[PDB]
């Protein structure tokens, strides 16, 4: 996508070389924002082929309030294998925080249910937010939440959403994150009888790992193709009742996939 490629070029041209936790090294910039009008099409990168199966199943896994990769394995998803323990658990990550944020007094908060009820009963609210950044449980998580906090918005019957990603791997993670959230927006909109609006992505440490330079340069020469369209085959009883078989990506003609190692 245009916005995406522009960010890549920006990182290359303005990035500062930074030594990081993985000891790999990165070209890094701080503070960036991009908007995706969802009416124009599903923001799925076409400059390289993206794997929808992994994107969809992970999101359904989140809404389940699940933190064990068992589910992902049943569906041949391995994106979280490098961080799961001997038993497949990742600690109280995303899923746990979304569906059952632990209060100091022992109670639990279902942020998704709250959001649904807010969108349905009080759309003008400026407090429709879901946070995965539970300071009190960060030590128990296998990896700190990258896409840590998001806010919904409603105007003229359209549902928008802004995501704050504290850390971003432009080449590997960013394409996955965009599509994942854009998908959530569509699911929320359908469940709340609202049209889709804009997906606003805001990031903190936006970077490109040194060992991805060639891949990036290759992708930057490929002209972006028209954006695909998402089709939701069925309207479930609730936001928690979606199945992988309910989504269709029409008109997705991407360029060949580009391989690159992951940093652990």
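Residue numbers count along the first chain shown, from 1.
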As the entry reports it, the stretch among 98 to 106 and 161 to 169 with higher mean C-alpha B factor is 98 to 106
Ranked by mean Cα B-factor in the entry, 27 to 35 and 208 to 216, top stretch is 208 to 216
From the entry's CA B-factor values, the highest among 121, 78, 134, 177 is 78
Residue set 45, 200, 52, 59, per-entry CA B-factor max assigned to 52
Of the three thirds of the chain ranked by Cα temperature factor, residue 87 occupies the highest
Entry-reported C-alpha B-factor of residue 144 relative to its chain, by third, is middle
So, residue 189's CA B-factor, relative to its chain, sits in which third? The lowest
Residue 154: C-alpha B-factor third of its chain, per the entry, is the middle
Chain thirds by Cα B factor, record data; residue 129 belongs to the lowest
